[PDB]
């Protein structure tokens, strides 16, 4: 059938708020069983004082889960915690939960108690109906399917202690047979009602010392514990991270026993173990370690270990390692299987078997312990290699056993782009949630698989995760940037700049990105017939290279096209487009009116037709007065050419009168600065003589002009004329008319809506200040390249980071070569890095809420 892997995990265990703390406690030999009065007075009714308790049951990020406060207070704490642990298990696997919505993903939850339901229905006069929706057993599974939008089976099951490993088994069968592509498996247990512990006490199942002395002579019962664990299983193809592959999972039941229903049968357990390795085609000698059910009972331990010995140790030359998580944290009953699984996977990820606590003298009823066929892990031991088995046996006789093949994927071989900086983006319910992801990303900045997975889980809408951040890794000038995301819809606008943005060496830093390089090489092919190569112009060390009009027009357009291609590969589509002068050629590419070759040829012919003609000497100057003021003050022959902002306009005309006016104006104290245009009066009647030959060349280039969309605001045609036949398409005529007409830039900027995110598409963000002045103050202005910057690749990635802060989604993973999956063993855990808004404290039943 289908290969089944464990793709992600999370959990809350005794004295452990997450799996990292669980591991620290395990490998540190910390006893997680405690003796405080968290749940009820110590020794109440003669109960043992010790039990494994979660640090907190009151926390729940209710609004992220769409739960109203009234329902949150009346929801079983097991469910409140399982909703968050489930989310963490999914992202732990590097999967964005949104990608599983509407799928036939299944949910199986192992659960045996409904104490909250009892507490909440105790008063008929005051009880509320919605406590049934938050506490009824089926909801422990159904509420997950509801929130995550999972449509596969949704089942809560009870086989007592083996519940959660039985959920794992049923989930494995559903994936193996092709019924589900993925599944959530959960295990939950809380200790709210002291009466329940009294019942177990009187059955003789509880140790008076509240300890699971697994495999030890002194074993006399188990210590009750709490636990909330979730695991994400998927078919191999869907996994990003793989902790292990499930080779087989199976169940049987003891059936009739002369000793009674609660007497465990080692003979039946042994048959289960054997039938599973036989049917998986696995040899008993291939096992390195077995996680025994190991509750530390006088009858159960020998039954189980002697069954393991007969099933697995008959022909083994080496001892078989054996451990029990229950010796470290107590017995979380139905959640026991998944807690033991978490200890196993964490041991494998760290290369060390965590050891048992409380093992001093071998149970004398167990020969393999005295003879070395079984070896208890009572010291941390390196993981050497081999399959792992896990047992979970219920007190009613339901047995489950699973065989795992650990993922041993080695770290990747050093690669070229690994040296390039990378962008890491993060989202979170709070600033601390974001900070936590960026900090760990920084700490593992060379772990490409880890960063790739983090980048994949960050695309969560700002309405759900209001804080965002980024960090450019492997660069020079970087540190984490975090901010709350301004609420509302934020339209994305592209501004393509015109002349004055070229500089020696421009684009060379971005050439290290394959997509940008490939775009440039494609532009080279367009101009090859004209003896030009864009990549060679960019490599030129001659400061005068871009003084040549054709070099600068072609190189500018090529770079703009390369930047638009980087943005497109991340799925960005602008809501608005504005070009300045020659920038309209790249706007036509961005709007989808011009192909890459047409845009590049259009910039070539525009410059070449200028080169092939003679024009009288012209000049342009930035004047410190309004458009209206300019039209009245301009001397004869001089005209307003660019309406950049309210108080800054560019004039164009005959060289002398221009230099004169600049003089006159400076006389009257007005700002006047001659621009350098190489003796050209662009955007004036002066260009008129270029029109005819340019129109002839462009008609051959743009054979089938396409209509400009409403996103694209023309700067060469006044708004009053937007319905004209000339403004309809990006035709040879449209492009010729741009050259001889004024740039109505400020006019277009006025139509940019509030809260827009504006990117400057240019080799140097020349228009930043003009943009700030002409745009509504609620706009975010982002530059993508800077003249002479040490490393424009880093500057560009910071801008993509700023895009993320603004609430726009752009995954930087797409800019770099795809990481190979599954991730290497040891890729850092993600679930413990997830933080929620846990400021509120929700109702939790008290010991007195139950009958006494």
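Positions refer to the first chain, counted from 1.
*Asks:* Taking only the CA atoms, which stretch has the higher mean B-factor in the record, 712-720 or 227-235?
*Replies:* Looking at the recorded C-alpha B-factors, 712-720 comes out higher on average.
*Asks:* So, looking at the entry's B-factor column for Cα atoms, which has the higher mean, 627-635 or 703-711?
*Replies:* Higher mean C-alpha B-factor in the PDB entry: 627-635.
*Asks:* Would you mind finding, among 396, 208, 332, 428, the residue with the largest C-alpha temperature factor in the entry?
*Replies:* The C-alpha B-factor peaks, among 396, 208, 332, 428, at 208.
*Asks:* So among 59, 789, 802, 55, who wins on Cα B-factor in the entry?
*Replies:* Checking the PDB record, the top C-alpha B-factor among 59, 789, 802, 55 is at 789.
*Asks:* Can you tell me which third, lowest, middle or highest, the CA B-factor of residue 212 falls into for its chain?
*Replies:* Residue 212: CA B-factor falls in the middle third of its chain.
*Asks:* Going by what the PDB entry lists, where does residue 64 fall on CA B-factor within its chain: lowest, middle or highest third?
*Replies:* Lowest third.
*Asks:* Would you please rank residue 310 by its C-alpha temperature factor against the other modelled residues of its chain and give the third it falls in: lowest, middle or highest?
*Replies:* Tercile = lowest for this residue's CA B-factor.
*Asks:* So where's residue 297 on the chain's Cα temperature factor ranking, which third?
*Replies:* Residue 297: CA B-factor falls in the highest third of its chain.
*Asks:* Place residue 126 in the lowest, middle or highest third of its chain's C-alpha B-factors, as listed in the PDB entry.
*Replies:* Within its chain, residue 126 is a highest-third residue by C-alpha B-factor, going by the deposited values.
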